[PDB]
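Enquirer: sequence and experimental coordinates follow.
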Amino acid sequence: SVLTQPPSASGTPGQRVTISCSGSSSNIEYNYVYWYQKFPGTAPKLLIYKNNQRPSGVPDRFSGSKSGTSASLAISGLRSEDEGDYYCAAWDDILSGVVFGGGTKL
Amino acid sequence: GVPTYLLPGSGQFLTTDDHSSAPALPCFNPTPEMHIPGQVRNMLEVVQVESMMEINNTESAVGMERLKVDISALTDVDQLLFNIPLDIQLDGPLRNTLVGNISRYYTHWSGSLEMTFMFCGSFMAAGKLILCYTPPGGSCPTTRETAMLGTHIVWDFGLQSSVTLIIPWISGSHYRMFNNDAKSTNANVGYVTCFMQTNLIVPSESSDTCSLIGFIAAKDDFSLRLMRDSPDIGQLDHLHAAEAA
Amino acid sequence: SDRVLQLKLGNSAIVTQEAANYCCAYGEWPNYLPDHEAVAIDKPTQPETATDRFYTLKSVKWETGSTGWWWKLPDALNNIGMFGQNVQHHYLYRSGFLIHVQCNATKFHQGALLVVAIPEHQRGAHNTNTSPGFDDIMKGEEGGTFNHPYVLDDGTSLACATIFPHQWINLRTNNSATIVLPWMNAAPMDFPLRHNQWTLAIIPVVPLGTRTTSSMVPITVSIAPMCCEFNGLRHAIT
Amino acid sequence: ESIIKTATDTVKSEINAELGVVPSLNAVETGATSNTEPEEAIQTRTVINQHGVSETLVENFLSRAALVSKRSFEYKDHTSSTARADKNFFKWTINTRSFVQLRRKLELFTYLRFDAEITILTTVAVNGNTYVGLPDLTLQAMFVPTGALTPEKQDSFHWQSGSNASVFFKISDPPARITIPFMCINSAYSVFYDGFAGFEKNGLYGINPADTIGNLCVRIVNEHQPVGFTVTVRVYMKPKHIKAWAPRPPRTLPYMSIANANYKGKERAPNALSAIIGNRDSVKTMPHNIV
Amino acid sequence: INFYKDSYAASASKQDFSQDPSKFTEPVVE
Amino acid sequence: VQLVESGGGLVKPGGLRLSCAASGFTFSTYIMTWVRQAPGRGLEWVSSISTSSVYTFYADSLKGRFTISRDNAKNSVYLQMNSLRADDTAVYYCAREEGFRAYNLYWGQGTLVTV
């Protein structure tokens, strides 16, 4: 009943990085995965919801996807503003609560 | 003796035999039969009782909150409030009702359904809604000008806080069946949509959000056929207590 | 008409001006046990005005978060007045019940209480194979609350609880609900101390809401036993 | 009361400009189901309905042979087979709560008065390779009341069955079948019981011994063979002459035990404690067809 | 066909078409 | 659409209420959550409360020290953190769920509660 994220996602010259999320049948297999970005002084900012959908205001970047488990967030551009701390969230049926992963991108 | 011959089906155990078997206890006298309230002889008596619809299937509704839909005051006209998938032999807002539960023991069904809505807002709350029924064939109406063309009723909240929307038996066949296909012509019943007729106008001292409770029953022209094994229950293992066999 | 109703039982009376009707469980009125149904051969007691009368419970209140309340019968009355005295001194009893639930609010309030009388409401526990214990079911004049009113605390559906004898208290329509219960049991009489025939549940299907200044809104339950007979007189138990 | 054999007919209907009359306005708060007729809500035609109501009679709905017991045991020499194992016989306390189809179908009522038709079906299988054939064994099913002592061994002198009702049957024959009457000390069985069966505040909750029928002691009458077999006995129950009282809401959550109504839902909807019905996007979402 | 001496040994009773649905649908006192 | 919290700064084992306030929507149709930042640690969801206030969810880490509340008449939501610890020093945001669990699109500004 735990989500697992890589601690660091380096590679910021303009590449396309991939942030990953590891879950189980409790959380990711049957529930939607949501991706938030977080900056040290701003409220969390939703980037992807329901495994692929972007809110209104998010650029065509931040694709996001899921394959049974192992949700993936893909960012294209690695700009100066992109530097942040990305979290994979999802609801857990065993815990009956929400779980985040935690992973900072460099 | 009598000359006889055995037929195919001899010595077979059909679970719907309807024969007479050997009395294990001879000369047994059962307890005298007394009057108990509430005797049932036909499950069609049971299906005719109203039962709450779980119209709020959303993940944002937990437990009891799935048994009511909330109306609010809108700033646009002719807006859609909710839908009801009329799939009786499938899972949806109608599956966990008396009519739905008892019907899912059977394969075929016929007859009219009864849809009742109770307004559970304030006394000082007013409004008019329109509950429409669309026969099968197309998409669910998303505008009121499209839904008003079917079987509907406009109703105004008042001293009678309840209205009934009859879903008439409009079929080509005598019965509708179940084959797990929702878009089958022998299964699809149509849709139920609710729109705002005028608006929900509440004072500033009443709660601005008011709830409807939907009920579903069956009329006395309803019937069922071809008993099933109820996909609404099942076990993958033996239960807890196994004593002693 | 159907909104005004007066119930007069013994030395007690209830008047209500904002009512709907009253329900007779399964369309039947309580009676006395006839001779072709009797089993116990001793003369019954039948204290009529001393027991057939309204008794009022502890008047629970409901705020935001309320899941519902229940009372088992006759367990909720087994220690109140002459009825609870006849119950402690006799071995068998037989009674119908007249239940009257009161709930008043202003005309700026919402809320819909479901008042259900469940026959033989065998309860279940949650995440446990161990059966519910004695102190889990026998609560007395104070009753209990629902852990999971969605499943009626037994794995069934609250949505289908409308086959049981029920009434609604919708605050915009009425402020009282009345159900008449006959004797429902497999036996003509029964031991009132180890078995309940009825459970009276009040469940807030629509929460209490308003934007005026908040008051305490209590829900009161009056129960009159009807056509009480008691058999098997001996000393009293506690 | 009234005799209803077919569904009811519909009558022709006309335009209504009724002032003071409101057939569709009702009062759910009274506890009464709305008496709105289809002839009063739309314009109807005259329909002569010929659909029967036979298949929903509680006699038809409940009188069906259903698996109540299924017990396998070993037919061998149990000299060194020390366990709680069923040596060459088993005891079973008759109940209708071990298999969930018949349990849920029977628990739709508070009280039920019926006669039980018990059918026993026995199959045998070789333990092992080295197949040589299946024997035609004779079995004995002795009916023993709930408050009577049962055999302790296969060659017990308790199987002499003085007045205990017993049936001997072969595996090669049709299944055994007997009728057990309505055995309750009350006028109906209690499918539900919110009480305790004793006087000393520590009896079991929800079960009274008045409603359990008895024990069923099944043995293999033959003595063991030089090789071993595994024997499965399946019991089927068919209620007849049924009377049903006070219908109840169906069980939505999966059963946990045969001793109590304890509930734990499924991990997620449908049939979860949080949600009995499966979820959809919104209340304005319809899993429907477009073109 | 019932050649047994007990009445409960008979076959099921599939001919009871009486019913009162108002016992549950309108248990009101009207 | 608009959320504003209120609270922060107290002794080790004390308690306090956070009392967020919402203005731009109905508020009686949405599920409101709390989420702490806990500097040095990542985001972790704290609690949720349903519209009817009958169902509460309470992340298991914190055992029973928190009690999420709700007032649909005043459009506010509270935490009432009890028996605080120094581990509970964090920035607490209130969010509005958008019809699905864990789907928060609108967040408060956050209140720093220092223990």
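Expert: Thanks, I have it. Numbers count the residues shown, from 1 in each chain, chains lettered A, B, ... in the order given.

Enquirer: tell me which stretches of chain C form strands.
Expert: Remark: strands assigned in chain C by DSSP state E are C:5-9, C:12-16, C:23-24, C:55-56, C:60-61, C:69-73, C:90-102, C:110-119, C:144-145, C:166-170, C:176-181, C:198-209, C:218-233.

Enquirer: is there proximity between the last one and chain E?
Expert: No. Counting by Cβ under 8 Å from any Cβ of the partner chain, chain E has no neighbours in strand C:218-233; the shortest distance is 14.3 Å. Yep, even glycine has a C-beta here, placed from its N, CA and C like the rest.

Enquirer: could I get the strands of chain C in TSV, plus columns for distance to residue B:66 and mean neighbour count?
Expert: TSV is the format used below for the strands of chain C (distance: least, Cβ to Cβ, whole Å; neighbours: other Cβ atoms under 10 Å in any protein chain shown):
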stretch	distance to residue B:66	mean neighbour count
strand C:5-9	34	15
strand C:12-16	32	15
strand C:23-24	26	24
strand C:55-56	34	16
strand C:60-61	25	15
strand C:69-73	21	24
strand C:90-102	25	23
strand C:110-119	15	26
strand C:144-145	20	16
strand C:166-170	18	26
strand C:176-181	24	26
strand C:198-209	11	25
strand C:218-233	23	21
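
Enquirer: from what I can see residue D:38 touches residue B:165, true?
Expert: No. In this structure, residue D:38 is not within contact of residue B:165 by Cβ atoms under 8 Å, at 11.1 Å.

Enquirer: okay, now residue C:214: neighbour count?
Expert: 12 (other Cβ atoms under 10 Å in any protein chain shown).

Enquirer: who's in contact with residue E:30?
Expert: C:2, C:21 (Cβ atoms under 8 Å, 6 or more residues apart in numbering or on different chains).

Enquirer: does it belong to a helix, a strand or coil?
Expert: coil (DSSP: H, G, I helix; E, B strand; the rest coil).

Enquirer: residues touching residue D:242, list them.
Expert: Counted by Cβ under 8 Å, 6+ apart, residue D:242 has contacts D:58, D:59, D:62, D:63, D:112, D:113, D:114, E:12, E:13.

Enquirer: filter those residues down to just the ones in helices.
Expert: D:58, D:59, D:62 (DSSP state H).

Enquirer: quick check: the last one touching residue D:239?
Expert: Yes. Distance between residue D:62 and residue D:239: 5.2 Å, which falls inside the contact criterion (Cβ under 8 Å).

Enquirer: pick out the residue closest to the middle of chain B.
Expert: Centroid-nearest residue in chain B, with Cα atoms, centre = their mean: residue B:100, separated by 3.7 Å.

Enquirer: residue D:101: which element?
Expert: helix D:100-106 (DSSP states H and E).

Enquirer: how deep is residue B:110 tucked in, by neighbour count?
Expert: 18.

Enquirer: for chain B, what lies in contact range of chain F?
Expert: Neighbours of chain F within chain B, by Cβ under 8 Å from any Cβ: B:58-65, B:70, B:72, B:207-209.

Enquirer: okay, and which of those residues map to strands?
Expert: The strands, defined by DSSP E, take in residue B:70 from these.

Enquirer: out of the residues of chain B next to chain F, who's nearest residue C:25?
Expert: residue B:64 (24.3 Å; Cβ to Cβ).

Enquirer: how near is that closest one to residue C:73?
Expert: Going from residue B:64 to residue C:73 by Cβ to Cβ, to the nearest Å gives 24 Å.

Enquirer: so which bits of chain C are right by chain E?
Expert: Going by Cβ under 8 Å from any Cβ, the residues of chain C near chain E are C:2, C:21, C:22, C:23, C:24, C:25, C:26, C:27, C:163, C:165, C:180.

Enquirer: who wins for neighbours among the residues you listed?
Expert: residue C:165 (30 neighbours).

Enquirer: give me the phi and psi for that one.
Expert: Here the main-chain torsion angles of residue C:165 (degrees, to the nearest 10) amount to phi -60, psi 110.

Enquirer: give me the residue from chain C nearest chain D.
Expert: Residue nearest to chain D within chain C: residue C:195 (2.9 Å; Cβ to the nearest Cβ).

Enquirer: before we move on, the earlier item: if you count surrounding residues, which of residue D:62 and residue D:239 has more?
Expert: Set residue D:62 next to residue D:239 and count neighbours by other Cβ under 10 Å: residue D:239 wins out with 26 against 22.

Enquirer: who's in contact with the more buried one?
Expert: D:62, D:63, D:106, D:112, D:114, D:115, D:116, D:117.

Enquirer: distance check, the residue lying closest to the fifth one once chain neighbours are set aside against chain A.
Expert: What that stands for is residue D:114. Residue nearest to residue D:114 in three dimensions, not counting chain neighbours: residue D:239, with 3.7 Å by Cβ to Cβ, 6 or more residues apart in numbering or on different chains. Separation of residue D:239 from chain A (Cβ to the nearest Cβ, to the nearest Å): 39 Å.

Enquirer: residue closest to the middle of chain C?
Expert: Nearest to the geometric centre of chain C sits residue C:200, at 3.8 Å (Cα atoms, centre = their mean).

Enquirer: quick one: the strands in chain D?
Expert: Going by DSSP E, chain D shows strands at D:25-26, D:66-75, D:89-93, D:109-126, D:138-145, D:165-170, D:176-180, D:189-190, D:214-220, D:229-247.

Enquirer: and the second one, anywhere near chain E?
Expert: Translated: strand D:66-75. No. Using Cβ under 8 Å from any Cβ, strand D:66-75 stays clear of chain E, with a minimum separation of 14.1 Å.

Enquirer: give me the buried positions along the lengthiest helix in chain C.
Expert: Looking across chain C with DSSP H, the single longest helix is helix C:81-89. Of the residues in helix C:81-89, C:83, C:84, C:85, C:86, C:87 count as buried by neighbour count, 16 or more other Cβ atoms under 10 Å in any protein chain shown.

Enquirer: and stretch B:78-89, by the same measure?
Expert: Residues of stretch B:78-89 classed as buried: B:80, B:81, B:82, B:83, B:84, B:85, B:86, B:87, B:88, B:89 (neighbour count, 16+ other Cβ under 10 Å).

Enquirer: okay, those in JSON lines with distance to chain A and secondary structure next?
Expert: Below are the buried residues of stretch B:78-89 laid out as JSON lines (distance: Cβ to the nearest Cβ, whole Å; DSSP: H, G, I helix; E, B strand; the rest coil):
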{"residue": "B:80", "distance to chain A": "22", "secondary structure": "strand"}
{"residue": "B:81", "distance to chain A": "24", "secondary structure": "strand"}
{"residue": "B:82", "distance to chain A": "21", "secondary structure": "strand"}
{"residue": "B:83", "distance to chain A": "20", "secondary structure": "strand"}
{"residue": "B:84", "distance to chain A": "24", "secondary structure": "strand"}
{"residue": "B:85", "distance to chain A": "21", "secondary structure": "strand"}
{"residue": "B:86", "distance to chain A": "27", "secondary structure": "coil"}
{"residue": "B:87", "distance to chain A": "22", "secondary structure": "coil"}
{"residue": "B:88", "distance to chain A": "26", "secondary structure": "coil"}
{"residue": "B:89", "distance to chain A": "25", "secondary structure": "coil"}
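
Enquirer: thank you, goodbye.
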